[PDB]
Amino acid sequence: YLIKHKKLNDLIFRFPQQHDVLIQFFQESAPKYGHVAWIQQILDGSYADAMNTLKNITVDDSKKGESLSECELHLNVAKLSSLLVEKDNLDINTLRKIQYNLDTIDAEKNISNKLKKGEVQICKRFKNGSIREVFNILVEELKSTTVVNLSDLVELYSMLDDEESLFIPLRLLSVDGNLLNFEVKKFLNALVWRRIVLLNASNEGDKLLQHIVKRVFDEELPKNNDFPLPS
Amino acid sequence: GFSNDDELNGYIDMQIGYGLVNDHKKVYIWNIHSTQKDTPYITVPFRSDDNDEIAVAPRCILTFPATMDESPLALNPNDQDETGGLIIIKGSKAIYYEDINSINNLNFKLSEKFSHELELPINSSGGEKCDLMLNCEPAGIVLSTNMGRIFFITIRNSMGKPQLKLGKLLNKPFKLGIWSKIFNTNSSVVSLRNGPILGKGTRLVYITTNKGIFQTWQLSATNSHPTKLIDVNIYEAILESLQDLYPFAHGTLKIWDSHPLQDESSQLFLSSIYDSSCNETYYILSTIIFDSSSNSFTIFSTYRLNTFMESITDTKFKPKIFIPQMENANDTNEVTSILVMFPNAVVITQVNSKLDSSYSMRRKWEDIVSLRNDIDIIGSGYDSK
Amino acid sequence: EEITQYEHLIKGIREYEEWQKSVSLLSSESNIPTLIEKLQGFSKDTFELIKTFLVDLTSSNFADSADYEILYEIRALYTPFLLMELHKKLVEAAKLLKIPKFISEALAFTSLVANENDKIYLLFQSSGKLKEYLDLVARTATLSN
């Protein structure tokens, strides 16, 4: 009631003995009082309620997306508000995520444009990749000036892989991959290795073998342990 | 009448016909092959969506169109519709910007789709920073680092459509003890000069380092190991040869630039000799012919500029020779005119081809066009005569 | 250049003092437009002076040498002091005049604090004033209640 009726002084200080229930209230997805609600929550040293609120903000096309100028502004304000997390509520991890988020949209868009211009490459299997027979279809529908088709963008994004993004799978399995199970990690790592040793043997010029091996030493992949070299 | 940074990196791109000077906050791009003296000024602000790592200073260089019809020539009456793609190096990220005219000032999320990013190798023993960029398309971009690492980036994949894929390091980091550039092929690149367009997706690229190592790299767009045609140190040879006609060329030798002649196997080397009986510097034009057909070399002629005995070291960059390669008709290719570019004179000469002993190897025609000290070379390109 | 840098705190205080008088003329004890005119003069002055000081410092080669630190310390003093001073005003205006723009103007100084101009939001944290400043903004809204 209070959060709606702009009675914020009464909420914290006049009823000091229902506090424990008030932690339940914070755990709400949004308290109800609109987009002015979340602001109040950053202000009180009651940040935990607001992080959860802001999620509902970013899917509303009427709170961001009124116009271009206002949209860019809103994104700035959310970021700045994140900076004002103290130690009251340990939303420091969320703070980092809000910052990360413009870089995330760029990664998304980046890869999307490539796929639109036939960024996805032909499958190695045979003369042409079967995936493309699917990839082309998804590009065209979205190339037509018509309504945004959410499903089409999701499918399109992952299916055909940037060669600018092959390094991250190798990095990830070294650092994090013993958690997935050795046997999983070994399998994926072995897949890439196969292809690498399937070219040096074809001809006579190796130098292929060391580049992948010596390459993992630069970022200390062996030091991460259990990471084999091309073999 | 723009804001000026302390650092100004220019390159004139005659492969596309657009002119560039860049700041390290913005790039200013204009149609320099226009038929009117006046030109529009495309200003492109730097992104904060983009990612950037280590100390690498922003060099910006133009690249072929990719959303607009391709320019394999300098082109356009004054259209800004055909201004190519853009590559800006921020850190370890080479970022290629597609469109640059549909950039709105109240949205920046349409800029995102035009940004493609690539991570270039990290771990260096003598550091990194983009020093020179030479558009040597058709093939791609070769960029030099001050340490002496040399990176080839193909801007197209194999579908002939845009994608950055790192081709190969021409020069790799030497992690051999002690030296990092001190006793290797890596040292400070002093020239990145285009060599002839032999077609077939190949471009000769001449690489001359400060030590006096001459490297000829036959680049081709697709290559996981480019072939080096020439690899000889010529510093010793020059010093020796200048004792047969000049008896005061004893001591002090600097190699300043290398640039191709009309003949592609023949390279002109810019040198200085110091006369210690008068404190004069005679700039010596040396025609050196390279055999890439045996990886051998011979010095053909050494010519001393006889009326030009000034010591003139350039205000911006080090002394450069220019001999613009042929691209248009021009009657007679047996004599070579050489432009020696300094910010206070242009010595125009022509050097021996006669092997006269009845007129010596110098004392031919020499003319000087004196300039003022307000020439500050930001970048240079050539094509035609 | 020294005179310019030192003057910035002082000019804002001079306007501040004129405003302390104006404070006693709030609550419709002078016509409302004259009080808002004075108020606009004062708000903009203080903010402007912060901005000016930042620019001067950064591009005089004092952010390009290791003498910087004495200046940073000077900035530390100026920024939270002026910002606070300005922020505690407008709260007073909001109750006395009963106009929500001043609820907005109080709230608006929170965005300046979070902007990086030598990381103003760290100074406030460090000093322990960030919560104090935050709670005041909330209470401005409670004035319409």
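What comes next concerns the included structure.

Definitions and cut-offs
- Residues numbered from 1 in each chain as written, not as in the entry; some residues may be left out.
- Chains lettered and ligands numbered in written order.
- Part of a larger assembly, values for the part shown.
- Heavy atoms only, no water.
- Contact = heavy atoms within 4.5 Å.
- Buried < 20%, exposed > 50% of the residue type's maximum accessible area, 1.4 Å probe, protein only.
- Helix = DSSP H or I, 4+ residues; strand = E, 2+ residues; numbered from the N terminus.
- Pairing = 2+ DSSP bridges.
- Disulfide = S-S within 2.5 Å.
- Buried area = accessible area lost by both parts, 1.4 Å probe.
- Salt bridge = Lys/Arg side-chain N within 4 Å of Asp/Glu carboxyl O.
- Core = buried A, V, L, I, M, F, W, Y, C linked by side-chain atoms within 4.5 Å.
- Arc of directions from axis to C-beta.
- 1 Å grid on protein atoms, 1.4 Å probe; cavity = no way out; pocket = protein on both sides within 12 Å on 5 of 7 lines; lining within 4 Å.
- Points joined across faces, edges and corners; volume = space filled by probe spheres on them.
- Nonpolar A, V, L, I, M, F, W, Y, C, P; charged D, E, K, R; others polar.
- Polar contact = N/O pair within 3.5 Å; in protein donor to acceptor, adjacent residues only side chain to side chain.

1. What to know about the arrangement of the chains
Turning to step 1, where the next piece is worked out: Ranking the two pairs of chains in contact by contact count places chains A and B at the top.
Turning to step 2, where the next piece is worked out: The two units chain B and chain C remain apart, with a minimum C-alpha distance of 12 Å.

2. Some thoughts on the pairing of strand 17 (residues 253-260) of chain B
Residues and elements named next belong to chain B.
Turning to step 1, where the next piece is worked out: Buried residues dominate strand 17, accounting for seven of its eight residues.
Turning to step 2, where the next piece is worked out: Note that strand 17 and strand 18 (residues 266-275) share seven bridges and pair antiparallel. Each bridged residue has a counterpart across the sheet, and for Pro 260 the counterpart in strand 18 is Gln 267.
Turning to step 3, where the next piece is worked out: Linking two consecutive strands that pair antiparallel, namely strand 17 and strand 18, is a turn of five residues.

3. Side note on the state of the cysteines
Turning to step 1, where the next piece is worked out: For the structure shown, the criterion picks out zero disulfides over all chains.
Turning to step 2, where the next piece is worked out: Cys 136 of chain B forms no disulfide, and the closest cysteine sulfur to it belongs to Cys 130 of chain B, at a distance of 13 Å.

4. Some thoughts on the interface of chain C and chain A
Turning to step 1, where the next piece is worked out: Facing the 17 residues of chain C at the interface are 17 residues of chain A.
Turning to step 2, where the next piece is worked out: Across the chain C to chain A interface the summed buried area is about 1,400 Å²; carbon plus sulfur atoms make up 62%.
Turning to step 3, where the next piece is worked out: It is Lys 131, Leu 134 and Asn 145 of chain C that lose the most area in chain C upon contact with chain A, and together they represent 33% of the buried surface on that side.
Turning to step 4, where the next piece is worked out: Counting the contacts that link chain C with chain A gives zero salt bridges.

5. As for the nonpolar core
Turning to step 1, where the next piece is worked out: Grouped together as the largest cluster of nonpolar side chains are 54 residues, with contacts concentrated most on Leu 83 and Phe 102 of chain C.
Turning to step 2, where the next piece is worked out: Setting aside its immediate chain neighbours within four residues, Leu 83 of chain C contacts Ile 50, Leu 112, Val 113, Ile 120, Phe 124 and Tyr 133 of chain C.
Turning to step 3, where the next piece is worked out: Core analysis: the next-biggest nonpolar cluster, separate from the first, contains 48 residues, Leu 120, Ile 150, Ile 155 and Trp 217 of chain B among them.

6. Regarding helix 9 (residues 167-175) of chain A
Turning to step 1, where the next piece is worked out: Taken as a whole, helix 9 of chain A has its buried residues at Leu 170, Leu 173 and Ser 174 of chain A. Considered in projection along helix 9 of chain A, the buried side chains sweep an arc of 105° and stay on one side of the axis.

7. Some words on empty space enclosed by the protein
Residue and element names in this part refer to chain B.
Turning to step 1, where the next piece is worked out: Tallied over the entire structure, the rule returns three cavities of 30 Å³ or more.
Turning to step 2, where the next piece is worked out: For the largest cavity, the lining is made up of 13 residues, of which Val 56, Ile 89, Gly 91, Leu 120 and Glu 128 are closest to its centre.
Turning to step 3, where the next piece is worked out: Of the residues contributing to the lining of the largest cavity, the split by class is eight nonpolar, three polar and two charged.
Turning to step 4, where the next piece is worked out: Considering only enclosed or pocket space, the second largest cavity measures out at about 60 Å³ in volume.
Turning to step 5, where the next piece is worked out: Of all elements in the fold, only strand 1 (9-13) and strand 13 (189-194) reach the threshold of two or more residues within the lining of the second largest cavity.
Turning to step 6, where the next piece is worked out: The class makeup of the residues in the lining of the second largest cavity is five nonpolar, four polar and three charged.

8. Focus on the interface of chain B and chain A
Turning to step 1, where the next piece is worked out: Chain B puts 28 residues into the contact, and the matching count from chain A is 23 residues.
Turning to step 2, where the next piece is worked out: When chain B packs against chain A, the two sides together hide about 2,300 Å² of surface, and 43% of this comes from carbon and sulfur.
Turning to step 3, where the next piece is worked out: Three residues, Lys 109, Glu 112 and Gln 163 of chain B, lead the burial of chain B against chain A; their summed loss comes to 23% of the area buried on that side.
Turning to step 4, where the next piece is worked out: A salt bridge links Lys 117 of chain A to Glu 98 of chain B; the shortest N-O distance between them is 2.8 Å.
Turning to step 5, where the next piece is worked out: Only strand 8 (115-119) and strand 12 (162-171) of chain B provide two or more residues apiece to the side of chain B that touches chain A.
Turning to step 6, where the next piece is worked out: When residues in the side of chain B that touches chain A are grouped by element, the largest group, five residues, is from strand 8 of chain B.
Turning to step 7, where the next piece is worked out: Considered class by class, the residues forming the side of chain B that touches chain A number six nonpolar, 10 polar and 12 charged.

9. Quick notes on the environment of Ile 32 of chain C
All names here are of chain C.
Turning to step 1, where the next piece is worked out: One can find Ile 32 in helix 2 (residues 32-62).
Turning to step 2, where the next piece is worked out: Classification of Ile 32 as partly exposed rests on a relative accessible area of 27%.
Turning to step 3, where the next piece is worked out: Separated by 65 residues in the primary sequence, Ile 32 and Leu 97 place their C-alpha atoms 8.1 Å from one another.

10. Remarks on the side chain of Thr 281 of chain B
Residue and element names in this part refer to chain B.
Turning to step 1, where the next piece is worked out: Position of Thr 281 among the secondary structure elements: in strand 19 (residues 280-291).
Turning to step 2, where the next piece is worked out: At 2.8 Å, the side chain of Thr 281 and the side chain of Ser 311 are in polar contact.
Turning to step 3, where the next piece is worked out: In contact with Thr 281, other than residues within four places in its own chain, are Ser 272, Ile 273, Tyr 274, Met 309, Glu 310 and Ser 311.

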